[PDB]
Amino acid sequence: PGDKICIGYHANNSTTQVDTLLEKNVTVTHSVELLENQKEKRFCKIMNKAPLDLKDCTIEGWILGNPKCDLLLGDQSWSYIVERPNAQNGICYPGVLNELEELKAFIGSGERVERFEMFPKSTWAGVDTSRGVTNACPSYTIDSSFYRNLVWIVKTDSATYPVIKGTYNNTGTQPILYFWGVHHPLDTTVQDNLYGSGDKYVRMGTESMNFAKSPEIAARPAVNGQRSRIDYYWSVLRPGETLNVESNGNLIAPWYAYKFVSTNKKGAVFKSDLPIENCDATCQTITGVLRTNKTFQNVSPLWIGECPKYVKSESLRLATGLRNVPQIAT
């Protein structure tokens, strides 16, 4: 009958709930989801730079120059690297690439390489170059080939294999990443056939590095039709450093090598089979692009670029409005 004034609060048709320490499933009038769970299942360009697709080649197959990896041969610039889980073309002549995990880590570092001839075949005197080829390393065109960045050196028709020497002096401003190897015959017979007689060695050095290896001869279980092995090695010739190569025999020599540009960016190698497309991203995880404003994400801990913090949560919804208590309509 009389004039009323009442104090109250807002309600709405919101059905969104939050949890609190004291109570679960509290419907509130307004809230914000702080966690992202959506992704685009693909790889895009970071800082407008395209990632390197290694396609059917592993990281080894790539930087050694596996003959089937010619599509990748030469200059490459990348924001990150993508290596397909079942790439076939890696180390084709059986053997170990020594310090492999630390090489993969170093390559992940770079934003760019320049291929160039480091030791011309003429460098080595008194030996045969052009027979350094194998059936375990076909190209797509030829059944017997070899890595594009290494010379498998063999003694010429004279029984002796001479001492050979090689020098390269990095007068540049960039570190140089380069590879060599030491061949290990399954036979003393094969050893004699390919190299001299007597104690053989491979020695190398710089102002800050030594290396000495001799052959270790034995029959190993066949791989790619080979019971012999090659020990592969890698190194980084700093700006202003000089390399000296000296060998008695069994040298697989450096032929081409890379000027190496290290990156401001953190760098990444993603093992994945997701597509690479002509798109741009700010945040690239290993399982996808996050395209978001949110603070948290549940997609992946592994990423390059600017991503939200990774958590295990399914949802992180913050209440901003109040407990929603709308009148029952009937």
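Numbering starts at 1 and follows the sequence shown.
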- [ ] Would you please confirm whether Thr285 lacks atomic coordinates in a third or more of the other entries that were compared?
- [x] no
Task: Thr29 coordinate gap across at least a third of other entries - done: no
Task: Entry-level comparison of average CA B-factors, 28-36 and 269-277, reporting the higher stretch - done: 269-277
- [ ] Going by the average Cα B-factor in the PDB entry, point out whether 43-51 or 297-305 comes out higher.
- [x] 43-51
Task: Selection by C-alpha B-factor (highest) of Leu103, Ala159, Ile81, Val96 - done: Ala159
- [ ] Grab the CA temperature factor for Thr263 from the record and place it in the lowest, middle or highest third of its chain.
- [x] highest
Task: Third of the chain's Cα B-factor distribution that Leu194 belongs to, per the entry - done: highest
- [ ] Would you check the entry's CA temperature factor for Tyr147 and let me know if it's in the chain's lowest, middle or highest third?
- [x] middle
- [ ] Taking the values exactly as deposited, rank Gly65 by C-alpha B-factor within its chain and report the matching third: lowest, middle or highest.
- [x] middle
TODO: Would you mind ranking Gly108 by its C-alpha B-factor against the rest of the chain and naming the third, lowest, middle or highest?
DONE: lowest
